[PDB]
Amino acid sequence: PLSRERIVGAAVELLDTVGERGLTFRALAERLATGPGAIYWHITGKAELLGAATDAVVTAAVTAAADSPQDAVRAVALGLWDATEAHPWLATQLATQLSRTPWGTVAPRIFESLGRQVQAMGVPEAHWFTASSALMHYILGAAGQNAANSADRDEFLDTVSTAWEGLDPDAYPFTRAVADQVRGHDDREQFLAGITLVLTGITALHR
Amino acid sequence: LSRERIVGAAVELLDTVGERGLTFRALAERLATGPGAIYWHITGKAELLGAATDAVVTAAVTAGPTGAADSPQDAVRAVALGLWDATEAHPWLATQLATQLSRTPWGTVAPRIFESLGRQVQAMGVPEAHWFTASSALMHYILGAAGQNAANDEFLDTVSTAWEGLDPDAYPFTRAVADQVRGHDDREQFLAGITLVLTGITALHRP
């Protein structure tokens with residue numbers, strides 16, 4: 001029969017194949033193989049279903065205490081990074097979740113995950129919010145761009161490297177100097193280096 | 001029918017009717033010029049969006065004056081605030097930057113931002129092996145915070161109270177900072193996060 005996981009699982013599958021716009025009453029009802037005149041017992045609105053789908057995917061990626069706070073933050077970030085990689089629509093829903101969904105359940109859970117590590121890192125209470133939000137914003141920006149790219153990467157990077165090597169050496173001394181480095185650039189490694197950079201800044205806040 | 005004119009027109013349209021509202025007729029009409037001769041100053045929509053994004057970014061980043069005691073860190077902040085304020089004045093900007101860094105290998109905005117950030121990274125004494133890493137991290141951070149800012153005072157209060165409703169035993173951290181959500185200034189958060197990244201970057205220099 002119709003359960004929670006089922007409803008959500010169905011929307012996720014649809015979001016992965018047909019996207020947001022493809023997530024409709026009929027589509028859901030059909031994939032669920034249940035009567036449309038009795039599905040109101042397990043659903044409410046589309047906005048709420050998108051939230052439940054976003055939440056289910058995030059929770060699963062992040063959760064699926066013996067390591068350092070820094071490693072724990074990395075597991076949280078990779079969970080988000082891999083999830084938005086497996087589900088392209090996820091990145092968009094997270095932005096909407098933090099912009100127009102005050103009662104959203106995903107935000108506070110991510111914030112709890114990151115915050116506990118920030119406190120375990122010895123960060124003064126006056127910076128708990130700041131440090132946690134920075135980690136979050138960093139994650140969304142890198143993972144957001146990664147999702148945009150997952151919407152070939154080695155070919156795109158090779159064309160960028162080429163285009164930059166064609167820039168005037170006197171006008172762009174830095175960009176010309178790094179152009180070569182763009183070629184074999186790995187996004188995942190860059191992501192984790194960025195995380196470490198942020199964590200290093202946070203660790204310096206210690207007392 | 002100058003360059004600035006064409007671009008200025010698209011920006012005005014992008015600000016009022018958005019991307020979808022940026023059409024041949026709209027541009028031609030606002031330009032008050034014959035549509036049968038505008039091919040001399042335009043190419044495609046993709047290229048026009050890029051020129052519009054570039055014009056706005058260049059103007060914002062080089063806008064304000066430099067400070068009498070500006071260090072590399074301050075300069076990076078000026079670049080970031082220029083981007084933050086620009087995406088705030090032009091909502092469509094955030095989306096164009098993502099597309100610019102995902103499908104526009106020959107784009108001109110990316111290398112210019114990277115040149116701006118890179119020179120400061122070098123001035124900070126960052127080993128050459130990390131020039132791209134450090135620069136990309138700043139960029140990803142900026143896109144993530146500014147991107148979220150583009151998406152979204154009334155919201156913050158709702159979030160603050162909503163979070164204050166979370167179970168205190170399950171969400172010890174979130175509950176501890178809950179109230180800080182209200183009156184939380186996004187702009188200051190933005191600058192604090194960039195400073196956090198810059199602190200991590202400054203630790204890349206070795207005596």
# chains A, B, ... in the order shown; residues from 1 in each chain; ligands from 1
>>> interface_residues(of="chain B", to="chain A", cutoff="7 Å", atoms="only C-alpha atoms", output="NGL selection string")
:B and (98 or 102 or 105-106 or 111 or 114-115 or 118-119 or 132-133 or 137 or 140-141 or 143-145 or 148 or 151-152 or 155 or 158-159 or 162 or 171 or 173-174 or 177 or 189 or 193 or 196-197 or 199-201)
>>> residues_around(residues="residue 10 of chain A", least_positions_apart="2", cutoff="8 Å", atoms="only C-alpha atoms", output="list in words")
residues 6, 7, 8, 12, 13, 14, 28, 31 and 32 of chain A
>>> atom_distance(atom1="atom CA of residue 109 of chain B", atom2="atom CA of residue 54 of chain B")
5.2 Å
>>> residues_around(residues="residue 78 of chain A", least_positions_apart="4", cutoff="8 Å", atoms="only C-alpha atoms", output="VMD selection string")
chain A and resid 62 74 82
>>> select_by_dssp(residues="segment 34-202 of chain A", states="alpha helix (DSSP H)", output="PyMOL selection string")
chain A and resi 46-63+69-86+89-100+106-120+128-149+153-165+173-182+187-202
>>> write_last_selection(atoms="C-alpha atoms", output="CSV table (one decimal), in the first residue's frame")
chain,number,residue,atom,x,y,z
A,46,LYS,CA,3.8,19.9,-4.7
A,47,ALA,CA,5.9,22.3,-2.7
A,48,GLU,CA,5.8,20.0,0.3
A,49,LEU,CA,6.5,16.9,-1.8
A,50,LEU,CA,9.6,18.6,-3.3
A,51,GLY,CA,10.8,19.4,0.2
A,52,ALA,CA,10.3,15.8,1.4
A,53,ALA,CA,12.2,14.5,-1.6
A,54,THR,CA,15.0,17.0,-1.1
A,55,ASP,CA,15.1,16.0,2.6
A,56,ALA,CA,15.1,12.2,1.9
A,57,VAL,CA,18.0,12.5,-0.6
A,58,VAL,CA,20.1,14.8,1.7
A,59,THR,CA,19.6,12.7,4.8
A,60,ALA,CA,20.5,9.5,3.0
A,61,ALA,CA,23.6,11.0,1.4
A,62,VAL,CA,24.9,12.6,4.6
A,63,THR,CA,24.1,9.7,7.0
A,69,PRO,CA,35.3,17.5,13.6
A,70,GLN,CA,37.0,18.4,10.3
A,71,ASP,CA,36.5,14.9,8.8
A,72,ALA,CA,32.9,14.9,10.0
A,73,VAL,CA,32.3,18.3,8.2
A,74,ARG,CA,33.9,16.7,5.0
A,75,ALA,CA,31.6,13.7,5.2
A,76,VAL,CA,28.6,16.2,5.4
A,77,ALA,CA,29.9,18.2,2.5
A,78,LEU,CA,30.7,15.1,0.3
A,79,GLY,CA,27.3,13.7,1.1
A,80,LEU,CA,25.8,17.0,-0.3
A,81,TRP,CA,28.3,17.1,-3.1
A,82,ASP,CA,27.5,13.5,-4.2
A,83,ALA,CA,23.8,13.9,-3.7
A,84,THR,CA,23.5,17.0,-6.0
A,85,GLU,CA,25.6,15.0,-8.4
A,86,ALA,CA,23.2,12.0,-8.4
A,89,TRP,CA,17.4,19.0,-9.4
A,90,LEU,CA,18.7,18.9,-5.8
A,91,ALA,CA,20.8,22.0,-6.1
A,92,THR,CA,17.9,24.2,-7.2
A,93,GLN,CA,15.6,22.9,-4.4
A,94,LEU,CA,18.3,23.7,-1.8
A,95,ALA,CA,18.4,27.3,-3.0
A,96,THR,CA,14.6,27.5,-2.8
A,97,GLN,CA,14.7,25.7,0.5
A,98,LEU,CA,17.0,28.4,2.0
A,99,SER,CA,15.3,31.4,0.3
A,100,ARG,CA,11.5,30.8,0.6
A,106,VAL,CA,16.5,20.3,5.3
A,107,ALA,CA,18.2,23.6,6.3
A,108,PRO,CA,18.2,23.1,10.1
A,109,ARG,CA,19.4,19.5,9.8
A,110,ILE,CA,22.4,20.5,7.6
A,111,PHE,CA,23.0,23.4,10.0
A,112,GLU,CA,22.8,21.0,13.0
A,113,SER,CA,25.3,18.7,11.3
A,114,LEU,CA,27.8,21.5,10.6
A,115,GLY,CA,27.3,23.4,13.9
A,116,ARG,CA,28.0,20.5,16.2
A,117,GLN,CA,31.4,20.2,14.6
A,118,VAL,CA,32.1,23.9,14.8
A,119,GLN,CA,31.5,23.8,18.5
A,120,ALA,CA,33.6,20.7,18.8
A,128,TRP,CA,28.9,29.5,15.7
A,129,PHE,CA,26.4,30.9,13.2
A,130,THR,CA,29.0,32.7,11.1
A,131,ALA,CA,31.3,29.7,10.8
A,132,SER,CA,28.4,27.3,10.1
A,133,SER,CA,26.8,29.6,7.5
A,134,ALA,CA,30.2,30.0,5.7
A,135,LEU,CA,30.6,26.3,5.4
A,136,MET,CA,27.0,26.0,4.1
A,137,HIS,CA,27.4,28.8,1.6
A,138,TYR,CA,30.7,27.4,0.4
A,139,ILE,CA,29.1,23.9,-0.1
A,140,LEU,CA,26.2,25.3,-2.1
A,141,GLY,CA,28.4,27.3,-4.3
A,142,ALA,CA,30.8,24.6,-5.3
A,143,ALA,CA,28.2,21.8,-5.3
A,144,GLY,CA,25.9,24.2,-7.1
A,145,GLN,CA,28.4,24.8,-9.9
A,146,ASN,CA,29.2,21.1,-10.0
A,147,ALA,CA,25.5,20.3,-10.6
A,148,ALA,CA,25.4,23.0,-13.3
A,149,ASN,CA,28.4,21.1,-15.0
A,153,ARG,CA,34.2,18.1,-18.2
A,154,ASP,CA,37.8,17.2,-19.3
A,155,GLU,CA,37.0,18.5,-22.7
A,156,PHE,CA,35.4,21.7,-21.3
A,157,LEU,CA,38.4,22.3,-19.1
A,158,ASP,CA,40.7,21.7,-22.0
A,159,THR,CA,38.9,24.3,-24.1
A,160,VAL,CA,39.0,26.8,-21.2
A,161,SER,CA,42.8,26.1,-20.7
A,162,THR,CA,43.3,26.7,-24.5
A,163,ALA,CA,41.2,29.9,-24.5
A,164,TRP,CA,43.1,31.3,-21.5
A,165,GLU,CA,46.5,30.5,-23.0
A,173,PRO,CA,49.9,37.6,-16.0
A,174,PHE,CA,48.0,35.5,-13.4
A,175,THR,CA,45.5,33.9,-15.7
A,176,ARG,CA,48.2,33.0,-18.2
A,177,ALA,CA,50.4,31.6,-15.5
A,178,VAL,CA,47.5,29.3,-14.3
A,179,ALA,CA,45.9,28.5,-17.7
A,180,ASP,CA,47.9,25.3,-17.8
A,181,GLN,CA,46.6,24.2,-14.4
A,182,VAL,CA,43.0,24.3,-15.7
A,187,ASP,CA,36.4,19.3,-9.3
A,188,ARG,CA,36.0,16.9,-6.4
A,189,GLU,CA,39.6,17.6,-5.2
A,190,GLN,CA,39.1,21.4,-5.6
A,191,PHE,CA,35.9,21.0,-3.5
A,192,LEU,CA,37.7,19.3,-0.6
A,193,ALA,CA,40.7,21.8,-0.8
A,194,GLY,CA,38.1,24.6,-0.5
A,195,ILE,CA,36.6,22.9,2.5
A,196,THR,CA,40.0,22.6,4.1
A,197,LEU,CA,40.7,26.3,3.4
A,198,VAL,CA,37.4,27.2,5.1
A,199,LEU,CA,38.1,24.9,8.1
A,200,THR,CA,41.6,26.4,8.5
A,201,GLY,CA,40.0,29.9,8.8
A,202,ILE,CA,37.4,28.6,11.3
>>> residues_around(residues="residue 58 of chain B", least_positions_apart="3", cutoff="12 Å", atoms="only C-alpha atoms", output="ChimeraX atom specification")
/B:50-55,61-64,79,82-83,86,108-113,116
>>> closest_residue(among="B:91, B:44, B:183, B:35", to="residue 11 of chain B", atoms="only C-alpha atoms")
B:91
>>> residues_around(residues="residue 117 of chain B", least_positions_apart="4", cutoff="9 Å", atoms="only C-alpha atoms", output="list in words")
residues 72, 75, 76, 79, 112, 113, 121, 122, 134, 135, 136, 138 and 139 of chain B
>>> atom_distance(atom1="atom CA of residue 68 of chain A", atom2="atom CA of residue 206 of chain A")
15.7 Å
